>>> print(open('work_28.txt').read())   # compact mmCIF, C-alpha atoms
# COMPACT_ATOMS: atom_id res chain seq x y z
CA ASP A 1 0.00 0.00 0.00
CA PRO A 2 1.95 3.11 -1.17
CA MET A 3 0.41 5.27 1.66
CA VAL A 4 1.69 2.69 4.27
CA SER A 5 5.05 2.73 2.45
CA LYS A 6 5.54 6.52 2.80
CA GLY A 7 5.26 6.14 6.66
CA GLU A 8 7.49 3.09 6.71
CA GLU A 9 10.16 4.81 4.66
CA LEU A 10 10.14 7.78 7.23
CA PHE A 11 10.26 5.80 10.44
CA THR A 12 12.16 2.59 9.53
CA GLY A 13 15.32 2.91 11.65
CA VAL A 14 16.41 5.10 14.57
CA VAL A 15 15.12 8.68 14.12
CA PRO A 16 16.60 11.68 16.04
CA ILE A 17 14.08 13.74 18.04
CA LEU A 18 14.09 17.33 19.32
CA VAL A 19 11.43 18.66 21.78
CA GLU A 20 10.98 22.37 22.67
CA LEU A 21 8.55 23.60 25.32
CA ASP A 22 7.56 27.06 26.43
CA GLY A 23 5.42 27.07 29.57
CA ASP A 24 3.60 29.49 31.83
CA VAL A 25 1.77 27.98 34.82
CA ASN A 26 0.06 30.53 37.05
CA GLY A 27 2.62 33.10 35.60
CA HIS A 28 5.55 30.82 36.61
CA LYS A 29 7.44 30.83 33.26
CA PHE A 30 9.79 28.10 32.10
CA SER A 31 11.40 26.52 29.01
CA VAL A 32 12.40 22.92 28.40
CA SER A 33 14.57 21.38 25.69
CA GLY A 34 14.65 17.66 24.92
CA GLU A 35 16.83 15.44 22.67
CA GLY A 36 16.81 11.74 22.02
CA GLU A 37 15.70 9.25 19.46
CA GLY A 38 12.87 6.93 18.52
CA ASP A 39 12.69 3.51 16.93
CA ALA A 40 9.08 3.01 15.98
CA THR A 41 9.92 -0.57 14.88
CA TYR A 42 10.10 -1.39 18.65
CA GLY A 43 7.72 1.41 19.80
CA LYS A 44 10.76 2.74 21.66
CA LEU A 45 11.56 6.38 22.72
CA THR A 46 14.64 7.53 24.65
CA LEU A 47 14.65 11.24 25.70
CA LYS A 48 16.38 13.65 28.06
CA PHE A 49 14.73 16.95 28.95
CA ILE A 50 16.44 19.92 30.52
CA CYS A 51 14.82 22.92 32.15
CA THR A 52 16.93 25.64 30.50
CA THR A 53 15.41 28.49 32.64
CA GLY A 54 16.45 26.98 36.03
CA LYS A 55 14.06 25.18 38.42
CA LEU A 56 11.04 23.54 36.82
CA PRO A 57 8.06 25.01 38.80
CA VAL A 58 5.93 21.92 38.33
CA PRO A 59 6.67 18.18 38.82
CA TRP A 60 8.41 16.55 35.86
CA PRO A 61 5.82 13.67 35.90
CA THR A 62 3.04 16.18 35.10
CA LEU A 63 4.79 16.94 31.69
CA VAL A 64 5.48 13.38 30.43
CA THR A 65 2.29 13.13 28.37
CA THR A 66 2.97 16.57 26.86
CA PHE A 67 6.56 15.69 25.97
CA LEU A 68 5.35 11.54 20.07
CA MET A 69 2.64 9.04 19.08
CA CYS A 70 4.19 8.70 15.65
CA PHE A 71 6.76 6.37 17.35
CA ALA A 72 4.04 3.90 18.41
CA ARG A 73 4.61 0.35 17.22
CA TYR A 74 1.54 -0.56 15.08
CA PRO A 75 1.35 -4.36 14.59
CA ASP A 76 1.35 -5.32 10.91
CA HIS A 77 -2.40 -6.16 11.06
CA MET A 78 -3.02 -2.58 12.29
CA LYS A 79 -0.93 -0.43 9.89
CA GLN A 80 -3.99 0.97 8.05
CA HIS A 81 -4.98 2.64 11.41
CA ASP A 82 -1.76 4.62 12.07
CA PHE A 83 -2.95 8.26 11.64
CA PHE A 84 0.17 9.62 13.15
CA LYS A 85 2.76 8.34 10.63
CA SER A 86 0.28 8.94 7.76
CA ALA A 87 0.38 12.74 8.47
CA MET A 88 4.18 12.87 8.05
CA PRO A 89 6.37 14.52 6.97
CA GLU A 90 4.10 17.64 7.03
CA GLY A 91 3.09 16.58 10.57
CA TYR A 92 0.20 17.08 12.84
CA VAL A 93 -1.02 19.40 15.62
CA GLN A 94 -1.69 17.81 19.00
CA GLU A 95 -3.84 19.85 21.42
CA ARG A 96 -4.75 19.03 24.97
CA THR A 97 -6.65 20.15 27.98
CA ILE A 98 -5.38 18.33 31.13
CA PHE A 99 -7.60 18.74 34.20
CA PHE A 100 -5.83 18.07 37.53
CA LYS A 101 -8.65 16.93 39.86
CA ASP A 102 -9.08 19.53 42.69
CA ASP A 103 -6.43 21.75 41.16
CA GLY A 104 -5.51 23.67 37.96
CA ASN A 105 -5.38 22.75 34.29
CA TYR A 106 -2.85 22.66 31.46
CA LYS A 107 -3.79 23.66 27.94
CA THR A 108 -1.23 22.54 25.36
CA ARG A 109 -0.65 23.08 21.64
CA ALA A 110 2.02 21.14 19.84
CA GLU A 111 3.19 20.71 16.25
CA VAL A 112 4.89 17.44 15.47
CA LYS A 113 6.73 17.23 12.19
CA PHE A 114 9.98 16.54 10.39
CA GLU A 115 12.66 19.25 10.14
CA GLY A 116 14.88 17.43 7.67
CA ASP A 117 15.81 14.01 9.18
CA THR A 118 14.82 15.18 12.69
CA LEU A 119 11.36 14.59 14.21
CA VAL A 120 10.40 17.78 16.06
CA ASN A 121 7.72 18.39 18.80
CA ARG A 122 7.23 22.17 19.41
CA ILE A 123 4.97 22.81 22.38
CA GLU A 124 3.38 25.83 24.13
CA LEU A 125 1.84 25.07 27.54
CA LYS A 126 -0.44 27.35 29.61
CA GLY A 127 -1.52 26.39 33.14
CA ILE A 128 -4.20 28.23 35.06
CA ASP A 129 -6.00 27.98 38.43
CA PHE A 130 -3.40 26.01 40.31
CA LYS A 131 -3.13 26.02 44.10
CA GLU A 132 0.24 27.58 45.04
CA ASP A 133 0.46 24.86 47.76
CA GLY A 134 -1.33 22.02 45.96
CA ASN A 135 0.25 18.85 44.63
CA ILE A 136 1.56 20.49 41.46
CA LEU A 137 2.91 24.00 42.46
CA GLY A 138 3.87 22.45 45.87
CA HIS A 139 5.87 19.57 44.26
CA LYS A 140 4.14 16.74 46.12
CA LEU A 141 4.12 14.12 43.30
CA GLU A 142 6.52 11.14 43.37
CA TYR A 143 9.17 10.80 40.62
CA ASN A 144 7.67 7.70 38.98
CA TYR A 145 5.02 6.78 36.44
CA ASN A 146 2.31 4.13 35.94
CA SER A 147 1.43 2.15 32.74
CA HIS A 148 -1.69 3.32 30.94
CA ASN A 149 -3.85 2.56 27.82
CA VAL A 150 -4.89 5.58 25.63
CA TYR A 151 -8.04 5.16 23.49
CA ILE A 152 -7.91 6.70 20.02
CA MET A 153 -11.02 7.41 17.97
CA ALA A 154 -11.57 9.13 14.63
CA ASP A 155 -12.74 12.81 14.61
CA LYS A 156 -14.12 12.43 11.08
CA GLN A 157 -15.56 15.95 10.63
CA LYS A 158 -12.11 17.36 11.56
CA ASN A 159 -10.10 14.94 9.41
CA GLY A 160 -8.26 13.87 12.59
CA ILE A 161 -8.52 11.97 15.86
CA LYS A 162 -9.75 12.47 19.45
CA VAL A 163 -8.13 10.75 22.42
CA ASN A 164 -9.41 10.72 25.99
CA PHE A 165 -7.64 9.20 29.05
CA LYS A 166 -6.80 9.42 32.77
CA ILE A 167 -3.28 9.45 34.29
CA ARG A 168 -2.98 8.88 38.08
CA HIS A 169 0.21 10.45 39.45
CA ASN A 170 1.38 9.08 42.84
CA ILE A 171 1.41 11.65 45.65
CA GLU A 172 4.14 11.48 48.35
CA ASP A 173 1.58 10.71 51.10
CA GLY A 174 0.58 7.54 49.19
CA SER A 175 -2.62 8.87 47.56
CA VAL A 176 -3.08 9.74 43.75
CA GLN A 177 -3.53 12.98 41.78
CA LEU A 178 -5.88 12.38 38.78
CA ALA A 179 -5.01 14.11 35.55
CA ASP A 180 -7.83 13.84 33.07
CA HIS A 181 -6.57 14.30 29.51
CA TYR A 182 -8.67 15.50 26.57
CA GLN A 183 -6.90 15.44 23.21
CA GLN A 184 -7.44 16.31 19.54
CA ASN A 185 -4.98 15.83 16.58
CA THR A 186 -5.30 17.23 13.09
CA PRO A 187 -2.91 17.01 10.11
CA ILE A 188 -0.94 20.13 9.18
CA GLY A 189 -0.91 19.16 5.43
CA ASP A 190 -3.81 19.15 2.92
CA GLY A 191 -3.12 15.54 1.83
CA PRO A 192 -4.93 12.31 2.75
CA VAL A 193 -4.45 10.64 6.17
CA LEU A 194 -5.29 7.26 7.67
CA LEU A 195 -8.36 7.76 9.94
CA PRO A 196 -8.42 4.87 12.41
CA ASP A 197 -10.90 2.40 13.76
CA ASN A 198 -11.19 2.68 17.60
CA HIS A 199 -8.08 1.11 19.13
CA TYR A 200 -5.70 2.02 21.93
CA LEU A 201 -1.99 2.62 22.53
CA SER A 202 -0.39 0.91 25.57
CA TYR A 203 2.24 3.05 27.29
CA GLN A 204 4.99 2.08 29.65
CA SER A 205 7.14 5.02 30.96
CA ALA A 206 10.24 4.94 33.17
CA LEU A 207 11.65 8.16 34.68
CA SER A 208 15.29 8.50 35.78
CA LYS A 209 18.12 10.98 36.39
CA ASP A 210 21.45 11.52 34.54
CA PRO A 211 24.09 11.13 37.30
CA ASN A 212 26.33 13.71 35.60
CA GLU A 213 23.64 16.28 35.06
CA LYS A 214 23.45 19.24 37.48
CA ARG A 215 20.57 21.07 35.77
CA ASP A 216 16.93 20.30 36.54
CA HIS A 217 16.03 17.46 34.16
CA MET A 218 14.21 14.24 33.37
CA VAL A 219 15.36 11.12 31.49
CA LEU A 220 12.35 9.40 29.96
CA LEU A 221 12.20 5.85 28.46
CA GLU A 222 8.83 4.96 26.84
CA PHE A 223 7.55 1.93 24.87
CA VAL A 224 4.31 2.37 23.04
CA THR A 225 2.34 -0.36 21.20
CA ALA A 226 -1.00 -0.14 19.33
CA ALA A 227 -3.58 -2.85 20.10
CA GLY A 228 -7.29 -3.53 20.46
CA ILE A 229 -7.96 -4.51 16.82
CA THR A 230 -7.58 -8.26 16.84
>>> encode(input="work_28.txt", output="C-alpha cells")
Amino acid sequence: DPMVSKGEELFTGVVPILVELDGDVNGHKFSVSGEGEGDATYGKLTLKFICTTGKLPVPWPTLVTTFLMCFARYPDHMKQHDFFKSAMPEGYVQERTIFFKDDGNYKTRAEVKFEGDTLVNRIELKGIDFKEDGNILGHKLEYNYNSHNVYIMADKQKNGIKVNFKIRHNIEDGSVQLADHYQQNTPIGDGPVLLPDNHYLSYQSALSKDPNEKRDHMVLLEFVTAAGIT
C-alpha cells in the first residue's frame, strides 16, 4: 500500500528527536529542551529533557504526556490505522486540555513534524488555576510513572482523531492525583491521512536521572504499542 510505504520509509530505523517547550503555569514561566531518538519498529523512545530556565516550577511527571505518538509500534495487522505516521512529513497538531482533579489545568498546543531528518515536537503550555500549595505547584508528586492505555477514535468531521484518558500520578503521602486528559490531533498538510478504527496505545514510561547532570532534568524511556484490533 503506497500510503503505508511513505510512513514506513520515514520511520524505519532510529530517528533523532528534538522537543521544545515554552510554559507558563500561574505566571511561573519556564522553558524545556529535549533530545533523544525513537525507533518506531520497537515502539521505543529515549529522551532527556532539561529545564533551561532553572528550576522547573511543576513536577516533571506532570509533563510526560505533553513531551510523540508517531513512534508507536503498530502491529502489521493494524498499519492501516496509524494516523500519526500517515500525516508525516508535514506533521500534525496535538492539542490538549489536562484537568488536575481539585487543582488547575494545562492547555497545550504542539506541532509534530519533520525538520529534515529530525522529528520535532514544538509545544506551548499554559496552566491556570493552580493552588500555590497544591500537589503540582507544591511539588508533592513522586518521581515515577504508571502504565496506561490511551483510546484513540476518529474525529471524522475534523479529518483527525480524538483521544481521551486518565493518568494517576502518585502523591508522596501515598494517595493519587488524577489528571484527566482531553486530546485532539489534526494534520498540518492538505493531503490524505489514515483515519483509524477505535483502538488504543499501551504506554509504559520509566523516569530516571542523569548522574552527571546538574541542571533540573528528566530522562524518559517509553515503549508504546498499538492494540485492540484483533
>>> residues_around(input="work_28.txt", residues="residue 153 of chain A", least_positions_apart="3", cutoff="12 Å", atoms="all atoms listed in the file", output="PyMOL selection string")
chain A and resi 81-83+150+156+158-165+183-185+194-201+228
>>> atom_distance(input="work_28.txt", atom1="atom CA of residue 74 of chain A", atom2="atom CA of residue 38 of chain A")
14.0 Å
>>> residues_around(input="work_28.txt", residues="segment 202-209 of chain A", least_positions_apart="2", cutoff="12 Å", atoms="all atoms listed in the file", output="PyMOL selection string")
chain A and resi 43-50+59-65+67-69+71-74+142-152+165+167+199-200+211-228
>>> residues_around(input="work_28.txt", residues="segment 31-34 of chain A", least_positions_apart="4", cutoff="6 Å", atoms="all atoms listed in the file", output="PyMOL selection string")
chain A and resi 18-22+48-53
>>> atom_distance(input="work_28.txt", atom1="atom CA of residue 166 of chain A", atom2="atom CA of residue 66 of chain A")
13.5 Å
